[PDB]
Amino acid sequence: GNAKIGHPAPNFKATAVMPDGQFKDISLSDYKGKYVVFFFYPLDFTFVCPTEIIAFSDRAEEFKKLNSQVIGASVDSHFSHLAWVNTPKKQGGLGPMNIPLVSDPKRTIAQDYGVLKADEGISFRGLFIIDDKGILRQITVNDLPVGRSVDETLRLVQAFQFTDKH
């Protein structure tokens, strides 16, 4: 893709399901002034590590204290995202989210981030840390079966912010 450490992170404009439960078209450039953790997950309604999304959401406060924004994304439609959020966790849904979920139905954001699994038209489990100036600082890509750690992501964000203070 076009994701390079130390270069501007690839911009995107996309329909997201926002924390209030409404659709909104958002761009990554809207979040300039804040650290962004931008992560991909393969499919809505997946039985494979859906709880990572819930964990990022549940621990949003810890990212807020770091003046950082968390954004999830998959190739599913904004309507799929909404359905999943409107499904209670007791029934296997996400429930209400503290983070926006981006829809990448053209697969072009995944392609720009270099995380498209082309033979399936879904994203790998990519995660990217972008600084407050929009510069890409960290690339994480897991094969489909293994999820991400919120603790590791918080460590990375802190460490980048600490080293920025120098």
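One-based numbering along the sequence shown.
Look at the C-alpha B-factors of 28-36 and of 136-144. On average they run higher in 28-36.
Higher average CA B factor: 49-57, of the stretches 49-57 and 123-131. Across 102, 66, 115, 99, the greatest Cα temperature factor reported in the deposited entry is at 66.
The entry lists a Cα temperature factor for residue 88 that places it in the lowest third of the chain's modelled residues. Remark: residue 3 belongs to the highest third of its chain, ranked by C-alpha B-factor as recorded.
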